[PDB]
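You are given structure tokens for the same protein chain in two forms, set apart as structure 1 and structure 2.
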Structure 1
């Protein structure tokens, strides 16, 4: 309607979400020794939509073809991340996990490429000391690869942060703590997921 109107039941209404803060996560981990933790990349620690938007309009303006196009991946994984914007929620989590002496892992469904400069983009943006840093893991279901879940088990990752359903379920399938970050509403990756759909923790205000 031209003027929908509203009411205070609607204005006050809350979805039943396990919201958490970075400070609550850290509190929850008080006294637990160094452990391995992992992050999804896209919309979790980098707003990488700039590179993906430019891939779609350079390589398949009318489809999602570009995501199976090696010319795109080679560009996305080798410097288009200089236009990716780091998420503040990720700065906060990564600083806290570095303070703990945790090992930091990035596990991505992006297609693998001959070389990648994503690892260095991350370590540089987030100031991750050498001793906490690990090369990006390209996970998936192509011949020769292992799944996200396998890599979590392989690396003994106890906490996995991610914005997509499959990040949470990959963690749950191996008994890790899967924590949800909100995808930004200006991402080009749509529809936005239903954060909290599995009763998982969701980080407040983690869209930026």
Structure 2
């Protein structure tokens, strides 16, 4: 592409028509609503867990995505590799806000279920989630052709679902819940990045970290 592409002020100022929101705006929108269930995606929503998925790929399938169907990978991923996962600031702020509200907090992930998992502990510890707000992580798995999260959102009566992927937002849509998008960091190993805002949903500002 051109050595010196240049730019112009129409481009510099250009904004995609995205419904951006802040955590404060979300909290304000909920003012006075009693405790309810809310849910969070995990990967690239509350944890930058690319370190573990990157290790998994290099270890289990350097040339493919097969590691994601490998039980030996999931056993490592769910039982300690989140020691290297970096909690997202947007998640600290959202989880603190939902604890303030007295909301029930659920995590619903496309990760595969394993025999044991330490992920619930990592989340409760890192985010300072009290026992009463915390719920064990739901490992909904990944099955092409099905949104495995939708039925879980329904079963737990989740009213807000935060996530980075299109299927997080459409899971919320499927059940009539409010789907709010978090930006996936640009150094995530899960590419391409989704188009945040592509269902006209709210997207949290500065939510890449």
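Only residues modelled in both forms are compared. Just so we're on the same page, rigid core means the largest C-alpha set that superposes within 1.5 Å between forms. Residue numbers count along the first chain shown, from 1.
In this comparison, the chain shown as structure 1 is the form deposited without 2'-deoxycytidine (DCZ). Core-based superposition between the two structures leaves all of 28, 60, 166, 145 but one with CA shifts under 2 Å; the exception is 145. Taking the rigid core as reference, the CA displacement of residue 7 between the two structures comes to 0.2 Å. Look at the core-aligned forms between the two structures and you find a single run of 3 or more residues with C-alpha shifts of 2 angstroms or more, at 140-147.
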